[PDB]
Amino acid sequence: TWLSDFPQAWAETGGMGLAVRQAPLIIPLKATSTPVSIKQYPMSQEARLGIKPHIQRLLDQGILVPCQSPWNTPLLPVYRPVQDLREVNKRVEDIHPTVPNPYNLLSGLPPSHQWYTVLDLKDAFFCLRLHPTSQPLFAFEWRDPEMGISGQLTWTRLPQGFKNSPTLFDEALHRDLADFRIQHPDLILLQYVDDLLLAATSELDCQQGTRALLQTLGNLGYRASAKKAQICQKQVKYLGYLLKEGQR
């Protein structure tokens, strides 16, 4: 089965990802920026209990670590933790937006290739390390009242809510899949941040391409959702479109 033949490539069986070929990212600040420390709005127990197991899992995974930082932004309950990084985003230097819009990305899909595989990468941003010099930027407060703990945590990986994460991830994955594209000149590969479409001429070519892509992704440290994977179908859902008969 696809599941058993490529255990390293699936989030379900391969463990948390880590993009091993990618240098830890340094996040340049705007030229006049200085740290901003926003106090954490008091959180109810209901929200804190809701968020706690998520925080513990991230600590166990090393994705969060304790820190002391002049930066601080508030964590909100939505329960899963959502950090309001807007004041950090304002202070970070802008980068060019290189992720194509889906309409333009799909223009690169030729009628000749109608056998599709769609993969989405799980916890994509978390596969990219953040350089220790940039980790303090993303700090937030975590208190555990009945565990006698109050201090800051921060991210050791590219965080959700950071304005440049989608663009930085898309650029990193492009670097990592550059060779794959060269090795498979007759496959079409569309990348939209963590959403991938592989297109080929025949069911067989799509099977061989998909095997090659899973092997490569797993090797590089990325993880795809086996649950959501659409493999070698003549009809797939990609970026909200229904891809069918070369239409849409």
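Quick note: we count residues from 1 along the sequence shown, nothing fancier. So that the term is clear: the rigid core is the largest set of C-alpha atoms that superpose within 1.5 Å between two forms.
- In 8 other deposited structures of this protein, superposed on the rigid core, the segment with the larger root-mean-square CA displacement between 101-109 and 68-76 is 101-109.
- Comparing 137-145 with 88-96 by root mean square Cα distance to the shown form in 8 other deposited structures of this protein, with the rigid core used for the fit, gives 137-145 as the more displaced stretch.
- Coordinates are absent for 4 to 9 residues of the deposited sequence placed between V78 and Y79.
- Taking the PDB entry as given, 208-216 carries the higher mean Cα B factor of the two stretches 56-64 and 208-216.
- When the two stretches 146-154 and 90-98 are set side by side, the higher mean Cα temperature factor goes to 146-154.
- Looking at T201, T34, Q40, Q191, the one whose CA carries the top B-factor in the deposited record is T201.
- Note on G161, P74, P111, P166: the highest value goes to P111, judged by CA B factor as recorded.
- Per-chain ranking of the deposited C-alpha B factor places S225 in the middle third.
- Per the PDB record, residue ranking by Cα B-factor puts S134 in the lowest third of the chain.
- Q83: CA B factor in the lowest third of modelled residues in this chain (values from the PDB entry).
- Ranked within its chain, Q183 lands in the highest third, by CA B factor from the PDB record.
- The PDB entry assigns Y116 a C-alpha temperature factor belonging to the highest third of its chain's modelled residues.
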